[PDB]
Amino acid sequence: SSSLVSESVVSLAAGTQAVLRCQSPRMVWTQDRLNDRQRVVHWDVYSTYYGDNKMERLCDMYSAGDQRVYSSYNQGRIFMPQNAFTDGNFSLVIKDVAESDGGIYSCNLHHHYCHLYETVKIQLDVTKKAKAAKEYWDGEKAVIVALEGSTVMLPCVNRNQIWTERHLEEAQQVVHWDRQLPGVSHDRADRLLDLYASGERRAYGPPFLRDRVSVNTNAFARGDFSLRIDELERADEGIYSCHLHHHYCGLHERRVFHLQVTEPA
Amino acid sequence: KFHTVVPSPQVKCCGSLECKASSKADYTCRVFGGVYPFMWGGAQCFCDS
Amino acid sequence: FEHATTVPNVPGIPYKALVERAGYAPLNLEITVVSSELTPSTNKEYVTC
């Protein structure tokens, strides 16, 4: 069972092809499972103070990878914790901040397999000495009026399971189309279809229903699980519920269509 | 053989502007005051320098 | 003004120097070798296992 994400109501006549369009781009799945769980945390600084100054990509780090400092000069100057992914801390350290280092830094984490990303901005204003060095909040970020000529630390720590390597059951995208018929309860609804990112497909009901009740052929290649119900019978009414699950990422989406069928007179 | 890119000049009417560096190869910049651009339609700005 | 020096090629050892010119006060000059990078040119011969 999947928690409520989208609920909808549909109405159609018997003998017509219904389309209960369930889709989730986050259910898109990569055929390559070679350490697909790669995480890249990188720091991007834009020096808005120096007019229109090209932003500098100071440092990259990859879970199961090195902390490559982009420019040879910044080596040593830019530092990120080596256990960053292990503990979730992705803060930066500038060993000796100077006027050249001033600007809005931005840490960005990217998860390839889930095709997910996050990021937060932190400003670094360089003041000559300690008489004007402090920290404050501008409204969307933390700003550090840093001590020129001394180490300054720009904080960001993402305390979430998505950015940690603890075992996650290596789950993959799965989908369950059920149909709570009139008088039936949800989560007991007779299963209509079952799909997995590996292409596993299961159909339910009489073969004619399976022919009429069918999900697209390349569901997970598109993140689509639209359910076609050809030549609707009035018994094909009820609450159709598509439960989309990806336990490795935490996806627990529910997409529901209350398809009530009608007949002529 | 190369080719010089000559992008349209950034004109500010009755205001002030400053140069900004870029990452393009051989990037060169320069500002000029007192400009008074004209076109087939006529003046594109209206203030005396 | 152009001014030359010989600096030891060792990281984390700042070198101090001046620049002498008549009519101007001396200006300090600090040189630091943050990090070296010796990269050679190579060609792949073959691969075994």
# chains A, B, ... in the order shown; residues from 1 in each chain; ligands from 1
>>> closest_atom_pairs(of="chain B", to="chain A", cutoff="12 Å", atoms="only C-alpha atoms", output="CSV")
residue,atom,partner,partner_atom,distance
B:17,CA,A:51,CA,11.2
B:18,CA,A:51,CA,8.7
B:19,CA,A:51,CA,8.2
B:20,CA,A:52,CA,5.4
B:21,CA,A:53,CA,6.5
B:22,CA,A:54,CA,6.5
B:23,CA,A:54,CA,6.6
B:24,CA,A:54,CA,10.2
>>> interface_residues(of="chain C", to="chain A", cutoff="8 Å", atoms="only C-alpha atoms", output="JSON, numbers by chain")
{"C": [34, 35, 37]}
>>> residues_around(residues="stretch 8-18 of chain A", least_positions_apart="2", cutoff="9 Å", atoms="only C-alpha atoms", output="ChimeraX atom specification")
/A:6,20,212,227-234,236-237,239,255-264
>>> write_last_selection(atoms="N, CA and C atoms", output="mmCIF file, in the first residue's frame")
data_model
loop_
_atom_site.group_PDB
_atom_site.id
_atom_site.type_symbol
_atom_site.label_atom_id
_atom_site.label_comp_id
_atom_site.auth_asym_id
_atom_site.auth_seq_id
_atom_site.Cartn_x
_atom_site.Cartn_y
_atom_site.Cartn_z
ATOM 1 N N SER A 6 -1.912 11.412 -5.139
ATOM 2 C CA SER A 6 -2.869 11.990 -6.073
ATOM 3 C C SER A 6 -4.151 11.174 -6.047
ATOM 4 N N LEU A 20 -7.012 5.712 -17.424
ATOM 5 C CA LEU A 20 -6.662 6.207 -16.095
ATOM 6 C C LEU A 20 -5.157 6.451 -16.086
ATOM 7 N N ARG A 212 -8.618 -6.026 -21.815
ATOM 8 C CA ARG A 212 -9.173 -4.682 -21.704
ATOM 9 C C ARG A 212 -8.421 -3.855 -20.665
ATOM 10 N N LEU A 227 -3.436 3.196 -17.301
ATOM 11 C CA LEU A 227 -4.228 1.977 -17.408
ATOM 12 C C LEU A 227 -5.323 2.201 -18.442
ATOM 13 N N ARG A 228 -5.259 1.452 -19.540
ATOM 14 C CA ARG A 228 -6.336 1.429 -20.513
ATOM 15 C C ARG A 228 -7.348 0.364 -20.119
ATOM 16 N N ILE A 229 -8.626 0.727 -20.200
ATOM 17 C CA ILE A 229 -9.737 -0.180 -19.917
ATOM 18 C C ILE A 229 -10.634 -0.135 -21.151
ATOM 19 N N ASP A 230 -10.392 -1.039 -22.094
ATOM 20 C CA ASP A 230 -11.098 -1.023 -23.365
ATOM 21 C C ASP A 230 -12.510 -1.573 -23.206
ATOM 22 N N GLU A 231 -13.438 -1.002 -23.972
ATOM 23 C CA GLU A 231 -14.824 -1.466 -24.021
ATOM 24 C C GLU A 231 -15.377 -1.675 -22.608
ATOM 25 N N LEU A 232 -15.482 -0.555 -21.895
ATOM 26 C CA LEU A 232 -15.857 -0.586 -20.487
ATOM 27 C C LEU A 232 -17.166 -1.330 -20.273
ATOM 28 N N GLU A 233 -17.168 -2.214 -19.282
ATOM 29 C CA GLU A 233 -18.385 -2.781 -18.725
ATOM 30 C C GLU A 233 -18.715 -2.049 -17.430
ATOM 31 N N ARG A 234 -20.010 -1.942 -17.129
ATOM 32 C CA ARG A 234 -20.406 -1.226 -15.922
ATOM 33 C C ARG A 234 -19.824 -1.865 -14.669
ATOM 34 N N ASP A 236 -16.766 -2.621 -14.490
ATOM 35 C CA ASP A 236 -15.407 -2.099 -14.438
ATOM 36 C C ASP A 236 -15.310 -0.786 -13.672
ATOM 37 N N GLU A 237 -16.345 -0.418 -12.926
ATOM 38 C CA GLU A 237 -16.333 0.806 -12.143
ATOM 39 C C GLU A 237 -15.701 0.559 -10.778
ATOM 40 N N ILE A 239 -12.919 2.412 -7.538
ATOM 41 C CA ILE A 239 -11.750 3.235 -7.250
ATOM 42 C C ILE A 239 -10.524 2.459 -7.722
ATOM 43 N N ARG A 255 -1.820 6.932 -6.730
ATOM 44 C CA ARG A 255 -2.485 7.672 -7.802
ATOM 45 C C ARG A 255 -3.816 6.988 -8.084
ATOM 46 N N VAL A 256 -4.918 7.693 -7.840
ATOM 47 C CA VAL A 256 -6.233 7.069 -7.787
ATOM 48 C C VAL A 256 -7.179 7.750 -8.766
ATOM 49 N N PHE A 257 -8.028 6.933 -9.388
ATOM 50 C CA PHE A 257 -9.085 7.392 -10.282
ATOM 51 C C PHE A 257 -10.383 6.712 -9.876
ATOM 52 N N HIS A 258 -11.384 7.504 -9.496
ATOM 53 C CA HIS A 258 -12.700 6.967 -9.147
ATOM 54 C C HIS A 258 -13.518 6.887 -10.429
ATOM 55 N N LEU A 259 -13.374 5.775 -11.149
ATOM 56 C CA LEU A 259 -13.997 5.612 -12.460
ATOM 57 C C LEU A 259 -15.372 4.986 -12.265
ATOM 58 N N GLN A 260 -16.414 5.808 -12.346
ATOM 59 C CA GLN A 260 -17.793 5.341 -12.262
ATOM 60 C C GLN A 260 -18.355 5.229 -13.673
ATOM 61 N N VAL A 261 -18.807 4.034 -14.036
ATOM 62 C CA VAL A 261 -19.279 3.749 -15.385
ATOM 63 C C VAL A 261 -20.792 3.912 -15.428
ATOM 64 N N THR A 262 -21.301 4.254 -16.610
ATOM 65 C CA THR A 262 -22.727 4.431 -16.837
ATOM 66 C C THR A 262 -23.136 3.662 -18.086
ATOM 67 N N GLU A 263 -24.439 3.430 -18.215
ATOM 68 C CA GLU A 263 -24.994 2.683 -19.331
ATOM 69 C C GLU A 263 -26.127 3.469 -19.972
ATOM 70 N N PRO A 264 -26.395 3.241 -21.268
ATOM 71 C CA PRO A 264 -27.523 3.932 -21.911
ATOM 72 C C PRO A 264 -28.866 3.467 -21.373
#
>>> residues_around(residues="stretch 4-18 of chain C", least_positions_apart="4", cutoff="9 Å", atoms="only C-alpha atoms", output="PyMOL selection string")
chain C and resi 26-36
>>> residues_around(residues="residue A:21", least_positions_apart="6", cutoff="8 Å", atoms="only C-alpha atoms", output="PyMOL selection string")
chain A and resi 224-227
>>> atom_distance(atom1="atom CA of residue A:164", atom2="atom CA of residue A:87")
7.1 Å
>>> residues_around(residues="residue B:9", least_positions_apart="6", cutoff="12 Å", atoms="only C-alpha atoms", output="ChimeraX atom specification")
/B:17,19,29-32,35,37
>>> decode(residues="stretch 14-34 of chain C", atoms="N, CA, C and O atoms", output="PDB file, in the first residue's frame")
ATOM      1  N   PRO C  14      56.807  30.371   2.055  1.00  0.00           N
ATOM      2  CA  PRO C  14      56.723  31.694   1.428  1.00  0.00           C
ATOM      3  C   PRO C  14      58.100  32.313   1.244  1.00  0.00           C
ATOM      4  O   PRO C  14      59.007  32.113   2.054  1.00  0.00           O
ATOM      5  N   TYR C  15      58.246  33.071   0.161  1.00  0.00           N
ATOM      6  CA  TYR C  15      59.466  33.803  -0.145  1.00  0.00           C
ATOM      7  C   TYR C  15      59.134  35.286  -0.188  1.00  0.00           C
ATOM      8  O   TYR C  15      58.162  35.688  -0.836  1.00  0.00           O
ATOM      9  N   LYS C  16      59.939  36.090   0.501  1.00  0.00           N
ATOM     10  CA  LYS C  16      59.745  37.530   0.580  1.00  0.00           C
ATOM     11  C   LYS C  16      60.766  38.237  -0.301  1.00  0.00           C
ATOM     12  O   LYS C  16      61.932  37.835  -0.363  1.00  0.00           O
ATOM     13  N   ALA C  17      60.321  39.292  -0.979  1.00  0.00           N
ATOM     14  CA  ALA C  17      61.194  40.088  -1.825  1.00  0.00           C
ATOM     15  C   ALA C  17      60.661  41.511  -1.866  1.00  0.00           C
ATOM     16  O   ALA C  17      59.534  41.787  -1.450  1.00  0.00           O
ATOM     17  N   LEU C  18      61.489  42.420  -2.366  1.00  0.00           N
ATOM     18  CA  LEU C  18      61.131  43.822  -2.516  1.00  0.00           C
ATOM     19  C   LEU C  18      61.290  44.238  -3.973  1.00  0.00           C
ATOM     20  O   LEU C  18      61.636  43.434  -4.843  1.00  0.00           O
ATOM     21  N   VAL C  19      61.028  45.515  -4.232  1.00  0.00           N
ATOM     22  CA  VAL C  19      61.218  46.098  -5.554  1.00  0.00           C
ATOM     23  C   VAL C  19      61.669  47.540  -5.372  1.00  0.00           C
ATOM     24  O   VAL C  19      60.932  48.372  -4.830  1.00  0.00           O
ATOM     25  N   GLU C  20      62.881  47.845  -5.826  1.00  0.00           N
ATOM     26  CA  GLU C  20      63.506  49.140  -5.597  1.00  0.00           C
ATOM     27  C   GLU C  20      63.371  49.997  -6.849  1.00  0.00           C
ATOM     28  O   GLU C  20      63.801  49.591  -7.935  1.00  0.00           O
ATOM     29  N   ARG C  21      62.773  51.177  -6.696  1.00  0.00           N
ATOM     30  CA  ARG C  21      62.683  52.149  -7.774  1.00  0.00           C
ATOM     31  C   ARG C  21      62.684  53.539  -7.156  1.00  0.00           C
ATOM     32  O   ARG C  21      62.027  53.770  -6.137  1.00  0.00           O
ATOM     33  N   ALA C  22      63.421  54.458  -7.770  1.00  0.00           N
ATOM     34  CA  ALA C  22      63.559  55.793  -7.205  1.00  0.00           C
ATOM     35  C   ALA C  22      62.213  56.506  -7.165  1.00  0.00           C
ATOM     36  O   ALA C  22      61.419  56.428  -8.107  1.00  0.00           O
ATOM     37  N   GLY C  23      61.959  57.204  -6.059  1.00  0.00           N
ATOM     38  CA  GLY C  23      60.760  57.999  -5.904  1.00  0.00           C
ATOM     39  C   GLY C  23      59.542  57.251  -5.409  1.00  0.00           C
ATOM     40  O   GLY C  23      58.499  57.880  -5.194  1.00  0.00           O
ATOM     41  N   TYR C  24      59.634  55.937  -5.220  1.00  0.00           N
ATOM     42  CA  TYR C  24      58.519  55.129  -4.747  1.00  0.00           C
ATOM     43  C   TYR C  24      58.977  54.318  -3.545  1.00  0.00           C
ATOM     44  O   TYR C  24      60.099  53.804  -3.526  1.00  0.00           O
ATOM     45  N   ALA C  25      58.110  54.203  -2.546  1.00  0.00           N
ATOM     46  CA  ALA C  25      58.443  53.406  -1.380  1.00  0.00           C
ATOM     47  C   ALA C  25      58.528  51.929  -1.760  1.00  0.00           C
ATOM     48  O   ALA C  25      57.833  51.473  -2.673  1.00  0.00           O
ATOM     49  N   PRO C  26      59.376  51.158  -1.079  1.00  0.00           N
ATOM     50  CA  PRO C  26      59.474  49.730  -1.397  1.00  0.00           C
ATOM     51  C   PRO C  26      58.144  49.024  -1.175  1.00  0.00           C
ATOM     52  O   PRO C  26      57.389  49.356  -0.259  1.00  0.00           O
ATOM     53  N   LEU C  27      57.862  48.046  -2.029  1.00  0.00           N
ATOM     54  CA  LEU C  27      56.640  47.258  -1.951  1.00  0.00           C
ATOM     55  C   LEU C  27      56.995  45.804  -1.673  1.00  0.00           C
ATOM     56  O   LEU C  27      57.817  45.215  -2.381  1.00  0.00           O
ATOM     57  N   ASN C  28      56.377  45.235  -0.643  1.00  0.00           N
ATOM     58  CA  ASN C  28      56.599  43.834  -0.323  1.00  0.00           C
ATOM     59  C   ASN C  28      56.034  42.942  -1.422  1.00  0.00           C
ATOM     60  O   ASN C  28      55.069  43.293  -2.105  1.00  0.00           O
ATOM     61  N   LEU C  29      56.649  41.774  -1.587  1.00  0.00           N
ATOM     62  CA  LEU C  29      56.216  40.796  -2.577  1.00  0.00           C
ATOM     63  C   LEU C  29      56.403  39.410  -1.986  1.00  0.00           C
ATOM     64  O   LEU C  29      57.534  39.000  -1.708  1.00  0.00           O
ATOM     65  N   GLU C  30      55.300  38.694  -1.794  1.00  0.00           N
ATOM     66  CA  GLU C  30      55.310  37.358  -1.217  1.00  0.00           C
ATOM     67  C   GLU C  30      54.931  36.349  -2.289  1.00  0.00           C
ATOM     68  O   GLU C  30      53.908  36.513  -2.961  1.00  0.00           O
ATOM     69  N   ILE C  31      55.748  35.311  -2.440  1.00  0.00           N
ATOM     70  CA  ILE C  31      55.528  34.259  -3.427  1.00  0.00           C
ATOM     71  C   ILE C  31      55.365  32.943  -2.684  1.00  0.00           C
ATOM     72  O   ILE C  31      56.188  32.610  -1.823  1.00  0.00           O
ATOM     73  N   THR C  32      54.311  32.195  -3.010  1.00  0.00           N
ATOM     74  CA  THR C  32      54.079  30.889  -2.410  1.00  0.00           C
ATOM     75  C   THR C  32      53.740  29.885  -3.500  1.00  0.00           C
ATOM     76  O   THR C  32      52.953  30.186  -4.404  1.00  0.00           O
ATOM     77  N   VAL C  33      54.329  28.698  -3.409  1.00  0.00           N
ATOM     78  CA  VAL C  33      54.065  27.606  -4.337  1.00  0.00           C
ATOM     79  C   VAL C  33      53.020  26.719  -3.674  1.00  0.00           C
ATOM     80  O   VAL C  33      53.343  25.880  -2.830  1.00  0.00           O
ATOM     81  N   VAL C  34      51.754  26.901  -4.056  1.00  0.00           N
ATOM     82  CA  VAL C  34      50.671  26.219  -3.355  1.00  0.00           C
ATOM     83  C   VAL C  34      50.768  24.710  -3.542  1.00  0.00           C
ATOM     84  O   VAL C  34      50.580  23.942  -2.591  1.00  0.00           O
TER      85      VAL C  34
END
